[PDB]
$ cat model-v4.txt   # compact mmCIF, C-alpha atoms
# COMPACT_ATOMS: atom_id res chain seq x y z
CA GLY A 1 24.19 68.12 27.44
CA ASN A 2 22.97 65.51 29.92
CA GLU A 3 25.10 65.09 33.04
CA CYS A 4 22.74 64.02 35.83
CA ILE A 5 20.73 61.10 37.21
CA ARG A 6 17.26 60.71 35.71
CA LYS A 7 14.11 59.97 37.72
CA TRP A 8 13.57 56.62 39.45
CA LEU A 9 17.31 55.92 39.51
CA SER A 10 19.64 54.66 42.24
CA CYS A 11 21.50 57.47 44.00
CA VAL A 12 23.44 55.63 46.70
CA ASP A 13 26.45 57.95 46.49
CA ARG A 14 25.01 60.37 43.93
CA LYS A 15 22.47 62.27 46.03
CA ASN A 16 23.87 65.52 44.64
CA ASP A 17 23.74 64.09 41.11
CA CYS A 18 19.97 63.84 40.68
CA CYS A 19 18.73 65.78 37.66
CA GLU A 20 16.77 69.03 37.94
CA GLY A 21 13.46 68.40 39.68
CA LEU A 22 14.49 65.27 41.56
CA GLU A 23 15.70 64.44 45.07
CA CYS A 24 17.58 61.45 46.48
CA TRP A 25 14.85 59.76 48.52
CA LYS A 26 15.65 56.76 50.73
CA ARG A 27 13.46 53.68 50.34
CA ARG A 28 12.57 50.85 52.72
CA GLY A 29 11.80 47.82 50.59
CA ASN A 30 14.33 48.79 47.93
CA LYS A 31 17.05 49.50 50.49
CA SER A 32 18.63 51.98 48.07
CA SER A 33 18.10 55.74 47.85
CA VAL A 34 16.62 56.83 44.52
CA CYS A 35 15.98 60.17 42.81
CA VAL A 36 12.28 60.99 43.21
CA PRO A 37 10.19 63.80 41.67
CA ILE A 38 9.82 66.84 43.92
CA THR A 39 7.09 69.48 44.02
$ encode --input "model-v4.txt" --output "structure tokens"
Amino acid sequence: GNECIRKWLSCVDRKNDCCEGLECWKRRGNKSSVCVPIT
């Protein structure tokens, strides 16, 4: 099924929840870490 945080989503306390292919990246203007696409 689907048990993970999609892309471009807030991951304040869910850094290890980001879906496959994403990483909890901290922002500056947003002030809230979000799952970003990794290479």
$ atom_distance --input "model-v4.txt" --atom1 "atom CA of residue 29 of chain A" --atom2 "atom CA of residue 9 of chain A"
14.8 Å
$ atom_distance --input "model-v4.txt" --atom1 "atom CA of residue 13 of chain A" --atom2 "atom CA of residue 38 of chain A"
19.0 Å
$ residues_around --input "model-v4.txt" --residues "residue 22 of chain A" --least-positions-apart "5" --cutoff "8 Å" --atoms "all atoms listed in the file" --output "ChimeraX atom specification"
/A:6-7,35-38
$ residues_around --input "model-v4.txt" --residues "residue 17 of chain A" --least-positions-apart "2" --cutoff "7 Å" --atoms "only C-alpha atoms" --output "JSON, numbers by chain"
{"A": [4, 5, 14, 15, 19]}
$ residues_around --input "model-v4.txt" --residues "residue 30 of chain A" --least-positions-apart "2" --cutoff "12 Å" --atoms "all atoms listed in the file" --output "list in words"
residues 8, 9, 10, 11, 12, 25, 26, 27, 28, 32, 33 and 34 of chain A
